[PDB]
Amino acid sequence: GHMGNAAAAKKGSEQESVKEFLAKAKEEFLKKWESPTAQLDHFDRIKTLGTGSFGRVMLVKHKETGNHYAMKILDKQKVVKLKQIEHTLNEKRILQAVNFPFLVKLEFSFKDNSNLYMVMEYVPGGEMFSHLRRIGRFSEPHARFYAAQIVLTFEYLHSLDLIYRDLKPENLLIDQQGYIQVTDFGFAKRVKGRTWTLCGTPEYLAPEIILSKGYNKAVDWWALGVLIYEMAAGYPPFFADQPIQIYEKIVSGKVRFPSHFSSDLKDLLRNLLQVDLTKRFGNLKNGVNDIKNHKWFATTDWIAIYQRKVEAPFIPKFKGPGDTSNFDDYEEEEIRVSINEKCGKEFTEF
Amino acid sequence: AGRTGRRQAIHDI
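Note that the protein sequences, when read in sequence, are chains A and B.
Read in order, the letters of the first sequence correspond to residues 612 to 961 in our numbering.
Read in order, the letters of the second sequence correspond to residues 2 to 14 in our numbering.
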């Protein structure tokens with residue numbers, strides 16, 4: 612076969628150990644999930660780090676401790692549509708319950724008359740997105756190092772019946788050791804089987820989402836294919852100026868690859884970017900192991916990635932606490948808190 | 002030709 616006796620035995624033992632880890636991880640998650648901490652004037656607001664549908668993420672400094680954090684601010688009155696509301700409650704509840712080396716750590720959450728707030732560990736190395744756009748494309752070893760972290764993170768999340776649903780370089784922060792921290796759980800959801808919301812980012816949507824079919828955690832494995840392609844090419848596989856054109860390319864079942872992609876990479880990507888769910892890697896009887904045991908990952912020491920023992924492709928420059936040099940600049944808008952409580956009943960559980 | 006800037010996720014297409 613492809614493996615000798617000793618290699619095969621090592622892999623099987625490795626798989627029993629994964630099972631053991633995931634069983635303990637589920638016990639720990641469920642305790643926090645069933646039983647889900649600060650105030651706005653406890654922080655100085657420093658700089659906007661990014662902006663989105665409902666608000667912004669700011670660097671903030673905790674006044675008493677001096678620790679820096681990323682604060683996501685959501686304007687309750689912008690969170691108006693039904694699935695925008697439910698998604699915000701998903702995000703907070705999931706973030707407070709998970710624990711994994713490549714997932715950002717939530718430290719505080721609170722609300723006031725106008726806004727919802729989630730305060731997370733600050734990751735100063737910047738978004739994968741801007742490093743990727745600046746350099747053009749990552750080498751295959753570099754892309755593989757980041758991809759391995761996403762594979763392990765999705766194996767963790769999926770074992771908890773969590774779907775992530777917004778993988779993209781914008782959502783992947785690089786920490787001081789050069790490893791990934793996934794942020795933004797605004798589209799994540801606990802799903803036992805299928806779910807039906809039409810949501811995500813156009814370039815990263817699986818065909819079954821676009822086609823209004825009930826879908827499952829395999830949409831994350833499709834998105835991994837898009838991510839790996841974009842990291843290694845510098846642009847995603849379904850690339851057009853308008854969402855409707857992107858959707859048409861996704862559904863077609865066609866993908867073209869740069870001539871510099873290795874054949875191992877193309878093989879992996881054809882099996883992730885697979886429109887037929889009975890054939891998509893991650894979704895078959897051997898689950899995530901079809902991905903982890905693929906030839907493109909043959910040099911990957913999965914346990915060593917998890918333990919953060921592997922040397923990273925690069926280490927972001929950092930000048931000290933609160934350095935924002937690895938982030939782009941955004942227009943600053945003052946945080947106004949109304950004297951009247953807004954949308955109190957829609958956000959009771961937050 | 003395609004989108005090169007940051008991409009917004011859509012909560013309800």
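Don't be surprised by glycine CBs; every beta carbon is placed ideally from N, CA and C.
Measure from the C-beta of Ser863 of chain A to each C-beta in chain B and report whether the shortest distance is under 9 Å.
no
Counting only beta-carbon atoms, is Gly836 of chain A nearer than 9 Å to chain B?
no
Report yes or no: is there a C-beta of chain B within less than 9 Å of the C-beta of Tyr846 of chain A?
yes
Taking only runs that begin and end inside the segment 681-744 of chain A, name each unbroken alpha helix (DSSP H) of 4 or more residues, in chain order.
693-708
What does the alpha-carbon distance come out to for the pair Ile11 of chain B and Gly811 of chain A?
5 Å
Within a Cβ cutoff of 7 Å, which residues of the same chain sit near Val709 of chain A, ignoring the five residues on either side of it in sequence?
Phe640
According to DSSP, simplified to helix, strand and coil, what is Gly666 of chain A?
strand
Counting only the same chain and skipping the five closest in sequence on each side, list residues whose C-beta sits under 7 Å from that of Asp912 of chain A.
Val921
The segment 793-805 of chain A touching the segment 741-756 of chain A, judged by at least three CB pairs closer than 8 Å
no
In the DSSP assignment, what are the bridge partners of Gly661 of chain A?
A:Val668
For chain B, find out if any of its Cβ atoms is closer than 9 Å to the Cβ of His698 of chain A; answer yes or no.
yes
I'd like the ranges of any beta strand (DSSP E) spanning at least 3 consecutive residues and lying wholly in the segment 865-912 of chain A.
none
Taking the alpha-carbon positions, what's the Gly677 of chain A to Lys692 of chain A distance?
37 Å
For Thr812 of chain A, go through chain B and note every residue whose CB falls closer than 9 Å to its CB, in chain order.
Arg8, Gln9, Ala10 and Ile11
In chain B, which residues lie less than 8 Å from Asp852 of chain A when you measure between Cβ atoms?
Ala2, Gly3 and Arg4
Residues of chain B with CB under 9 Å from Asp777 of chain A, in chain order?
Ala10
Judging by CA-CA distance, which residue of A:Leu783, A:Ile820, A:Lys622 and A:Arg667 is the nearest neighbour of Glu942 of chain A?
A:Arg667
Near-chain B residues of the segment 679-695 of chain A - C-beta to any C-beta below 7 Å:
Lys692, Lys694 and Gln695
Alpha carbon of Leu838 of chain A to alpha carbon of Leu651 of chain A, nearest angstrom:
36 Å
Since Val793 of chain A is in the beta strand (DSSP E), which residue starts that stretch and which ends it?
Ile791 to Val793
Assigned secondary structure, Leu773 of chain A (DSSP; H/G/I helix, E/B strand, else coil)
strand
How many whole angstroms separate the CB atoms of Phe868 of chain A and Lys877 of chain A, which I take to be in contact at a CB cut-off of 8 Å?
5 Å
On the CB-based measure, 16 or more other CB atoms within 10 Å of its CB, does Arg704 of chain A come out buried or exposed?
buried
Give the residues of chain B in contact with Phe798 of chain A, contact being defined as C-beta atoms less than 7 Å apart.
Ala10
Assign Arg4 of chain B to one of three DSSP states: helix, strand, or coil.
coil
Endpoints, beta strand (DSSP E) assigned at residue 596 of chain A:
Within the shown structure, residues of chain A are numbered from 612 to 961, placing residue 596 of chain A beyond reach of any answer.
Can you give me the C-alpha to C-alpha distance between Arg656 of chain A and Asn726 of chain A, rounded to a whole angstrom?
15 Å
Beta-carbon separation of residue 578 of chain A and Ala834 of chain A under 9 Å?
This structure does not reach residue 578 of chain A, given that chain A is present from 612 up to 961, and the question cannot be answered.
If you reduce the DSSP assignment to three classes, tell me which class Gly811 of chain A lands in.
strand
Report the rounded CA-to-CA distance for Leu888 of chain A versus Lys687 of chain A, giving the unit in angstroms.
37 Å
Closest to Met669 of chain A by C-alpha separation, out of A:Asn701, A:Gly737 and A:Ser646, would be which residue?
A:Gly737
CB-CB under 7 Å to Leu809 of chain A, same chain, minus the five flanking residues each way: which ones, in chain order?
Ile820 and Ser823
Looking at C-alpha atoms only, which residue of A:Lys828, A:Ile902, A:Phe721 and A:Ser874 is the closest neighbour of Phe654 of chain A?
A:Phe721
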